[PDB]
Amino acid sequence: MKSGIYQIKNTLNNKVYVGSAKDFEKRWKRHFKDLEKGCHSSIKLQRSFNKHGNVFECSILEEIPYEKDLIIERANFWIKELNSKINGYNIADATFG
């Protein structure tokens, strides 16, 4: 498995969703399975997906150990750095686990 911080970017408007994962590939697969079931945690990402389906690109921002202290700090760094709340799909600061 490969862990760390990642971004899910809408290729139509460049807006992003910043998250953390124990394993990138599996976390991304879970995001889209959730969006298809219509019960994703982010109403903003869900709305975009309902309108466009999977027009997103997933990429790694930082590969780092999946440890709470490190993950929350780095996830929040990227959320702010990429302004993913005001201009993205994140609905709040980072969570872990």
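All residue numbers are counted from 1 along the displayed sequence.
Engineer: In terms of recorded Cα temperature factor, pick the maximum from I91, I5, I8, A94.
Structural biologist: It is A94.
Engineer: Taking the C-alpha B-factors as the PDB entry records them, is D34 in the lowest, middle or highest third of its chain?
Structural biologist: For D34, whose C-alpha B-factor we compare with every modelled residue in the chain, the answer is the lowest third.
Engineer: Please place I72 in the lowest, middle or highest third of its chain by C-alpha B factor as given in the entry.
Structural biologist: Middle third.
Engineer: Select lowest, middle or highest to describe the third in which the CA B-factor of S20 falls within its chain in this entry.
Structural biologist: Lowest third.
Engineer: Hey, what third does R47 fall into on Cα B-factor, ranked over its chain?
Structural biologist: It falls in the middle third of the chain.
Engineer: Lowest, middle or highest third of the chain for the C-alpha temperature factor of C58?
Structural biologist: Its C-alpha B-factor belongs to the highest third of this chain's values.
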